[PDB]
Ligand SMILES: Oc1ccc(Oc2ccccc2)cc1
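Only one chain comes next, encoded as structure tokens, the form deposited without 4-phenoxyphenol (HX8).
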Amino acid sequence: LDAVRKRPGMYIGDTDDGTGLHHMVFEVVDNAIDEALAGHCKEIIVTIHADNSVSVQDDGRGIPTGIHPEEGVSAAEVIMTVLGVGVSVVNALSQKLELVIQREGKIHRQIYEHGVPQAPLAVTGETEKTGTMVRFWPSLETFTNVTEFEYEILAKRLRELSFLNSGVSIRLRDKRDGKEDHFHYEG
């Protein structure tokens, strides 16, 4: 997790032309699409926030929250902090990352900063629903020159993804200007 911070282009792509930056999104989206291909997730929402963060929400099972017997911390944290390339790469290159899991009746929440958990995964409330929400703020120490997310890049890729994932609702939302798209292919 520190080799990643020192040579990020190897892991994420060009950190100066926007390629790496948008691949951060797609790596999180991949995690959600994995749940859809296994048949558990029917809806994904990608949101570009106005504070330079992107969130990806899915309605799958939720990342397992029980304690990993080998590692001694929640399985979710194990996924976020141990070496597509992996969601831990995104976590490593994010100055902040918010993880919210809905699973087994309980809402779980955890905050990271540069891949380092600020506290253990914690139960915060109760929920009928299930799914994973990941919201990340890319680090401007890593990402240079191109520092804004670009709607059309995200839209083009997500549209491309809908065709490979039948019956999966993929919504893109931009809170900067209200733009909104919905890719839902059913063939």
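Residues that one form lacks are left out of the comparison. Throughout, we count residues from 1 along the sequence that is shown. Whichever C-alpha set is largest while still superposing within 1.5 Å between the two forms counts as the rigid core.
What follows is about the form deposited with 4-phenoxyphenol (HX8) bound, which we do not show.
Given that the partner is absent here, state which listed stretch (27 to 35, 122 to 130, 143 to 151, 157 to 165) has heavy atoms within 4.5 Å of 4-phenoxyphenol (HX8) in the deposited complex. In the other structure, the partner sits against 27 to 35.
Taking heavy atoms only, is residue 48 within 4.5 angstroms of 4-phenoxyphenol (HX8) in the deposited complex? Judged by the heavy-atom cut-off of 4.5 Å, residue 48 is well away from 4-phenoxyphenol (HX8) in the deposited complex.
Exercise: residue 57 in contact with 4-phenoxyphenol (HX8) in the deposited complex, heavy atom 4.5 Å: So residue 57 counts as contacting 4-phenoxyphenol (HX8).
May I ask you to check whether residue 89 falls inside a 4.5 Å heavy atom distance of 4-phenoxyphenol (HX8) in the deposited complex? Taking the distances in the deposited complex, the answer for residue 89 is no, it never comes within 4.5 Å of 4-phenoxyphenol (HX8).
Examine residue 79 and determine whether its closest non-hydrogen atom to 4-phenoxyphenol (HX8) in the deposited complex is within 4.5 angstroms. Contact check for residue 79: yes, within 4.5 Å of 4-phenoxyphenol (HX8) in the deposited complex.
Have a look at 119, 140, 123, 38 and give me the residue whose C-alpha moves 2 Å or more between this form and the one not shown, with the fit done on the rigid core. The one that shifts is 38.
Taking the cut-off of 3 Å or more as given, in which direction does the distance between the C-alpha atoms of residue 63 and residue 41 change in the deposited complex, closer or farther? Note: Cα gap between residue 63 and residue 41 widens in the deposited complex.
Residue 41 and residue 90: their C-alpha distance differs by 3 angstroms or more in the deposited complex. Do they come closer or move farther apart compared with the shown form? Relative to the shown form, the pair is farther apart.
Once the rigid core is lined up, which stretches of 3 or more residues in a row have C-alphas that move 2 Å or more between this form and the one not shown? Only one moving run appears between this form and the one not shown, namely 35 to 41.
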